[PDB]
Amino acid sequence: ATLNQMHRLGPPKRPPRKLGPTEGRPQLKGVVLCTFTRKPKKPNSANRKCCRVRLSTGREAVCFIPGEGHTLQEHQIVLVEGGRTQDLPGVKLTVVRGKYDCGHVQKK
Amino acid sequence: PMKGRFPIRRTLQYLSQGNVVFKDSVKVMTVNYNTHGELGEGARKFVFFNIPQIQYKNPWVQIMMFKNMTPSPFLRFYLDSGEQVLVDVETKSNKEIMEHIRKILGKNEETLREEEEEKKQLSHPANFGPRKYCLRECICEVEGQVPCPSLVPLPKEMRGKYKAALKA
Amino acid sequence: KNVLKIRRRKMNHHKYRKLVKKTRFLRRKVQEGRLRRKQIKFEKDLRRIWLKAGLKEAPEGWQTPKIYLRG
Amino acid sequence: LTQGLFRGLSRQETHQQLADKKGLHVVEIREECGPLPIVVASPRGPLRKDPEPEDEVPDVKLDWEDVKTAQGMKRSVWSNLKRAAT
RNA sequence: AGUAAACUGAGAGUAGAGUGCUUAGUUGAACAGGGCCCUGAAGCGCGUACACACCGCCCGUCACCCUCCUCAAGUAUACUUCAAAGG
RNA sequence: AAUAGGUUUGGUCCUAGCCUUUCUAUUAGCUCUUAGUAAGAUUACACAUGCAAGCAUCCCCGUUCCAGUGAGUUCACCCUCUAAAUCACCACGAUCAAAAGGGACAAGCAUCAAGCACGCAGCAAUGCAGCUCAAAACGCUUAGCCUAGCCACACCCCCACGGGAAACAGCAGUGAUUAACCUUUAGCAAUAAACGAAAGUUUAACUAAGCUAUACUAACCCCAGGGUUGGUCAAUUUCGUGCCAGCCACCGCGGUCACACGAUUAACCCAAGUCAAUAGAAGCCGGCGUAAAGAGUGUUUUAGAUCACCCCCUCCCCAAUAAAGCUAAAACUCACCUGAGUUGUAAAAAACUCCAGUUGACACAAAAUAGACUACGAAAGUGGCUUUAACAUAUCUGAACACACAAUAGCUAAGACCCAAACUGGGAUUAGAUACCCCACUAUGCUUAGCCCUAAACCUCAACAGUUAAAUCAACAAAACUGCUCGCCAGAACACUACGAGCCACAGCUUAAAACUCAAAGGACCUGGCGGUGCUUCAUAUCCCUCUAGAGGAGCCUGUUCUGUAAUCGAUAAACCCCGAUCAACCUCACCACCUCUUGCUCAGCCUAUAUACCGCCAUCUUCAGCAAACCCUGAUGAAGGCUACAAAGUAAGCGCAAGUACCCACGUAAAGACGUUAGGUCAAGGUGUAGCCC
Ligand code: FES
Ligand SMILES: [K+]
Ligand SMILES: [K+]
Ligand SMILES: [K+]
Ligand SMILES: [K+]
Ligand SMILES: [K+]
Ligand SMILES: [K+]
Ligand SMILES: [K+]
Ligand SMILES: [K+]
Ligand SMILES: [K+]
Ligand SMILES: [K+]
Ligand SMILES: [K+]
Ligand SMILES: [K+]
Ligand SMILES: [K+]
Ligand SMILES: [K+]
Ligand SMILES: [K+]
Ligand SMILES: [K+]
Ligand SMILES: [Mg+2]
Ligand SMILES: [Mg+2]
Ligand SMILES: [Mg+2]
Ligand SMILES: [Mg+2]
Ligand SMILES: [Mg+2]
Ligand SMILES: [Mg+2]
Ligand SMILES: [Mg+2]
Ligand SMILES: [Mg+2]
Ligand SMILES: [Mg+2]
Ligand SMILES: [Mg+2]
Ligand SMILES: [Mg+2]
Ligand SMILES: [Mg+2]
Ligand SMILES: [Mg+2]
Ligand SMILES: [Mg+2]
Ligand SMILES: [Mg+2]
Ligand SMILES: [Mg+2]
Ligand SMILES: [Mg+2]
Ligand SMILES: [Mg+2]
Ligand SMILES: [Mg+2]
Ligand SMILES: [Mg+2]
Ligand SMILES: [Mg+2]
Ligand SMILES: [Mg+2]
Ligand SMILES: [Mg+2]
Ligand SMILES: [Mg+2]
Ligand SMILES: [Mg+2]
Ligand SMILES: [Mg+2]
Ligand SMILES: [Mg+2]
Ligand SMILES: [Mg+2]
Ligand SMILES: [Mg+2]
Ligand SMILES: [Mg+2]
Ligand SMILES: [Mg+2]
Ligand SMILES: [Mg+2]
Ligand SMILES: [Mg+2]
Ligand SMILES: [Mg+2]
Ligand SMILES: [Mg+2]
Ligand SMILES: [Mg+2]
Ligand SMILES: [Mg+2]
Ligand SMILES: [Mg+2]
Ligand SMILES: [Mg+2]
Ligand SMILES: [Mg+2]
Ligand SMILES: [Mg+2]
Ligand SMILES: [Mg+2]
Ligand SMILES: [Mg+2]
Ligand SMILES: [Mg+2]
Ligand SMILES: [Mg+2]
Ligand SMILES: [Mg+2]
Ligand SMILES: [Mg+2]
């Protein structure tokens, strides 16, 4: 562009940064509604343990439960953080192991 | 690279190299020049090279240009008293034009030196405060004085935690 | 150059024209409803003008025309 | 990158080549040595008598990154970082 | 081309066992020119979205699922505005 | 974004997004010794209790400050003028600083484009009709700010007479709420403020303490944790698991040797912390033939540019445009004569048979040859003839929207109609054929009058001015650049879409997003494969025809598949099928049933699995002639490529072919036949890796 055009348009404007599933917050509190397993997209194969929670913001979302084995049940409290599960399309939240009702993974 | 011919003009270093600082009386400076003609060449280079430097040193003086309104180029200054100063610039180079207006309406090197000195009186070296305004923030920075407790813990005798303990 | 970008646009346009043809009676009822609300929103704007200026009724002899009808 | 680097480094003009091409002294000015003029190259042939023309304003093309850095307008968290001796 | 065709013998392996296999010999032909749809090849080209390489890649309808969005009848709720005025 | 790095492909180059490495803050997990210092609700939600403003011979003064908060939000800055206040009292003053006047002053959205009284003159009466706005008015949304500090607010109704109602956004503290969590301490000794003439008095300001790894500094005989260890990126042993369980920021890992999962061992990094999540820091002088981008055409405005004076060489004519008139060839129709068929083609059917051929008369349709020309017009467009009118501008640039145009298709109305022809009907093809092929006919193509406003409207290359030298240049395409201006672009897809707005448009056009999603998409090349791919030349028992004897039909022999049986295995398109077998009544034998043995013919054994771990021996192209180390050169030193004999960048050991040898020759037949192809065949010739069985 010419100098006249650059002067007329002004400095560039960054697109307003989009908030993720945590709405720009480190963690969110949630209530477990149901548990289930999801199949990852190809070429991965597994039954990844997930759950649907009602976030403290009123929104419902699916969350991945990391680690080997969990004991989450309906009406239990969990803390969810960011970070997508790479091979689970649409799953963008992760339960924090060792907080509220979700305990740490049992050794071996 | 930077756009346009002579991109040096669009640098802060070049703009600060102007030596024309108008007296407080100058309020308006009109420039009448012609786009073509060998005798108006110095006036065109003056508009091309020097007008930015003049405006930079005199931000509150109105500068307005006019093209091909008369047969010859000229400058005209309007002073606060109502006086008008006509300067014929036909045949002169842009450097001779800058030296001319500096002589008749520019502040001399003496008047400018004094103004710079009166500014230095605003930042007294002995004052303490934020780095934006002062050299040192606290007297504890002066060698020989009691240093800041954040770096050198004070003796227990100079601390209220133990003055009140002994007294109480 | 191949025409793969054209082909994507080709199918998009084909499916859109077919969708419009399949629902042209519903869309005609929706369009009619929008033009009515559009006429009402225009009448409110003019009424806001003479009410905020102190008048109690429209200027003498004024009738807001229907500027969105096919006629 | 490699081929371009060797092209640029092989096509550079030394100070002696500059002195011979223009028939003038190449004088170096160092801020650590003050105003002392240091002659780094002199023409082997005859020495010109007419000074090099002093254009009031050079029509050289500038790099915006160099100008933006000299004006303190260059802001980058990755520039001027501390690194191991290279 | 001593080829095909026909005829005859021997051998390997078994205790014995093939209309199979290996091998020697006898009699002993016909046609051999033209062509490139098909199978395939060579040279020189062209095209290519295939590279797991055409048994490729690939497009849309419908069904079945989770995510988001839009339209929308009727109705309800909330919010905004008024005096920045007149007698 | 940097000194950069990883990731698009079979491969290369280009472009490009995403991510990595750095530095902070908050929160979470696990962990945590001391001292000093700094800092310290998520919430303008609701608040129990205590305290936070007095002073003083009464009047007054103060409680309008300080302290708090960030809801709202261009009242903060400069100038002019001028109050209150200080200088005991006047200060024609200074200082400080309101109100008023002038100027300046956040972000995003133009899909907020018009606002609707927003001006001026006059002493007045009243007159004029103006004022703001794409250089962004008006409007919506977001946000305390330009931090020695400033602004704003003080439960709400902008305000606070009044009303709702009964107030911690003062300190400490509590409830609710949030990922977010300090004591219901002391003292007016210092400083500051209020009051007093003053000694002084008061103060949750403040000062000195309490609590907390949030940070900084320092230290400690004993006392270290957290996270990582496939690559980016510093660092893994042994087991378990077996596309399961699980893992990653990106690319990816896991299907029986997992440095990527879990445990364990060791190592690496930082360290009283560690680093999971989140947020921030870090970004316009680059581009627009083919990657996103020159938006169909021209003109001008406000303006911008220096390409305007100087200083100059393509005026007129050829297929611009509008109007009116005209017609040569070919059709249609009609008429006479003649024929009995005409049409359709790879081949048929349907169709017509007032049909066909010759001859004559005969267009509101379309314009051979010229044209191997390259002209005209702004573009769209324009190539039969004649005439009239006629092709802007003595600087350039200048619009999705203003102004005027804009192929084809299409709409409205009235006409013409040879031919063509969506649709439709009939015929045929096909598994089907709503197509491709044949026939018929309509809208439509034409004229007139109005609309509609689109195109691969692309020569995908903006206008004007200039250059051919330098670095000529990623690739391809149509060589590379400079000055100047306008337009436009910023990962892919969503999307020529939704919504808004405008429009003679009502299934339309123009303008044109977002959410959800992915880590690529894309451009140009290289090699290979493939092509119902072109040309040229071929196959010599050979692809087709030609020659001879056969197979395919019958019976029998024999293999295989199926079926059957308690009852092997292997081969199994060419390249399996009288094949491993130059050979099964027992044996062979590896199978089935029953019975028996346990250091066993063997310093055991296994015809158990895996030929997709292999050696060994082979099939196959091969009824081939190629393979290739080591070099050299070309392509800007990219993937890659390397020949022309009147020769132009290739030289090549070795291997194969060849040559030799066997058989009756030098002929023929054998034998030979590389590198590679089919993870081709064989673990059941034998051997053997891995795994498995051992009364
Ligand atoms: S800064 Fe001076 S005593 Fe702390
Ligand atoms: K996998
Ligand atoms: K499908
Ligand atoms: K990259
Ligand atoms: K008092
Ligand atoms: K305050
Ligand atoms: K605020
Ligand atoms: K208020
Ligand atoms: K005190
Ligand atoms: K922590
Ligand atoms: K013609
Ligand atoms: K277009
Ligand atoms: K084109
Ligand atoms: K090819
Ligand atoms: K083998
Ligand atoms: K074997
Ligand atoms: K084996
Ligand atoms: Mg990944
Ligand atoms: Mg092509
Ligand atoms: Mg699509
Ligand atoms: Mg790959
Ligand atoms: Mg807030
Ligand atoms: Mg006063
Ligand atoms: Mg004021
Ligand atoms: Mg605009
Ligand atoms: Mg919209
Ligand atoms: Mg505004
Ligand atoms: Mg706010
Ligand atoms: Mg309150
Ligand atoms: Mg209030
Ligand atoms: Mg409090
Ligand atoms: Mg905190
Ligand atoms: Mg107290
Ligand atoms: Mg404290
Ligand atoms: Mg293992
Ligand atoms: Mg591990
Ligand atoms: Mg493009
Ligand atoms: Mg022709
Ligand atoms: Mg123009
Ligand atoms: Mg525009
Ligand atoms: Mg357009
Ligand atoms: Mg048109
Ligand atoms: Mg028409
Ligand atoms: Mg017809
Ligand atoms: Mg018709
Ligand atoms: Mg006509
Ligand atoms: Mg065209
Ligand atoms: Mg233009
Ligand atoms: Mg995009
Ligand atoms: Mg379109
Ligand atoms: Mg549309
Ligand atoms: Mg719409
Ligand atoms: Mg038979
Ligand atoms: Mg068998
Ligand atoms: Mg088998
Ligand atoms: Mg097998
Ligand atoms: Mg037996
Ligand atoms: Mg037997
Ligand atoms: Mg056995
Ligand atoms: Mg094999
Ligand atoms: Mg021989
Ligand atoms: Mg042989
Ligand atoms: Mg040989
Ligand atoms: Mg195999």
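Sequence lines set the chain letters: A, B, ... in the order given, protein chains first and strands last, and positions in each chain run from 1.
Counting only N and O atoms by type, the side chains of B:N68 and B:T35 include a donor and acceptor under 3.5 Å apart.
With hydrogens and angles left out, the side chain of A:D87 and the base of F:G252 share no donor-acceptor pair within 3.5 Å.
Dashed line: the shortest gap from a side-chain N or O of C:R34 to OP1 or OP2 of F:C499 is under 4.0 Å. Taking only side-chain nitrogens and oxygens, C:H13 never comes nearer than 4.0 Å to OP1 or OP2 of F:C496. Residue B:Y133 places none of its side-chain N or O atoms closer than 4.0 Å to OP1 or OP2 of F:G149. Proximity of C:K1 to the phosphate of F:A477: no side-chain N or O atom is located under 4.0 Å from OP1 or OP2. Under 4.0 angstrom from either OP1 or OP2 of F:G508 there lies at least one side-chain N or O belonging to C:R17. Taking side-chain N and O atoms only, C:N2 has a distance below 4.0 Å to OP1 or OP2 of F:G523.
In this structure, D:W78 does not count as stacked on the base of F:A1 under the 5.5 Å centre distance and 30° plane angle limits.
Nearest-nucleotide assignment on RNA chain F puts the 5′-proximal partner with B:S150, out of B:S150 and B:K3. Between D:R75 and A:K92, the residue anchored closer to the 5' end of RNA chain F is D:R75, taking for each the nucleotide with the nearest heavy atom.
By the 4.0 Å N-to-carboxylate-O rule, B:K45 lies too far from D:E56 to be salt-bridged with it. The residues B:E116 and B:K119 are annotated as not salt-bridged, no charged nitrogen and carboxylate oxygen being separated by less than 4.0 angstrom. One finds no salt bridge joining B:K132 and B:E137 here, because no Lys/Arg side-chain nitrogen approaches an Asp/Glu carboxylate oxygen to under 4.0 Å.
The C1'-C2'-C3'-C4' torsion of E:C55 is negative. Its sugar is therefore classed as south. Judged by the sign of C1'-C2'-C3'-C4', the furanose ring of F:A590 adopts a north, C3'-endo-like conformation.
Following rounding to the nearest Å, C:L4 (CG) and E:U48 (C1') show an atom-to-atom distance of 12 Å.
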